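Single chain ahead, written as structure tokens, the form deposited in one PDB entry.
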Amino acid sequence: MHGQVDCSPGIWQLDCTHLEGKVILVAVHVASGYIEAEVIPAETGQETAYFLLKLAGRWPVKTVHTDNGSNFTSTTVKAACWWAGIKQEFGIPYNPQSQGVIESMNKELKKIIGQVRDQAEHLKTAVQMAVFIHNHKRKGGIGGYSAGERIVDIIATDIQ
């Protein structure tokens, strides 16, 4: 939700979740809690490669963790990470409470999607709506900082 205090700014986790028979690829910036999500045509390495290339063109992605889905281990994804200078790590780090960061984000996202599903004709719309709600939510964690603000602040300081 609000990220992990002991993580580096270049660490991300990715995974796919499922809703209404659709595939939702989710990425989470571990240090901040910021996510990017999107319904993809098929749970393939091709679709996955595209999403990683987009993410890398906007953020300074150093390391990505994913489980061992064939889509995540495909040569298309491997090729994509290599081109983008991304170190791929297989297996989502374990956490006794959340089970895994991306894991808790998949659940949070589905929960949010359930609250606003009534205000969207298409699931794809509800997905972006939920991501918006998640990223803009501010909580006492940091003087009223949202995950969307934390990530740009974290990356900006790194740059500076």
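In case it trips you up, residue 1 is the first one in the sequence shown, and so on.
Comparing 82 to 90 with 67 to 75, the higher mean C-alpha B-factor in the PDB entry belongs to 67 to 75. On average the C-alpha atoms of 137 to 145 have higher B-factors than those of the other stretch, with 137 to 145 and 10 to 18 being the two compared. Taking the deposited Cα B-factors for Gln115, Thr125, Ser32, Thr48, the highest one is held by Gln115. Ranked by Cα temperature factor within the chain, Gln119 sits in the highest third according to the deposited record. Placement of the Cα temperature factor of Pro41 within the chain: highest third of the modelled residues, per the deposited record. Among all modelled residues in this chain, the alpha-carbon of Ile154 has a temperature factor (C-alpha) in the middle third. When the modelled residues of the chain are ordered by C-alpha B-factor, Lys111 sits in the lowest third.
As for the form deposited with a partner chain bound, it is not shown, yet the points below apply to it.
The partner chain is not drawn, but in the entry with it bound it has a heavy atom within 4.5 Å of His122. Among residues of the shown chain, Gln46 is one whose heavy atoms approach the partner chain to within 4.5 Å in the entry with it bound.
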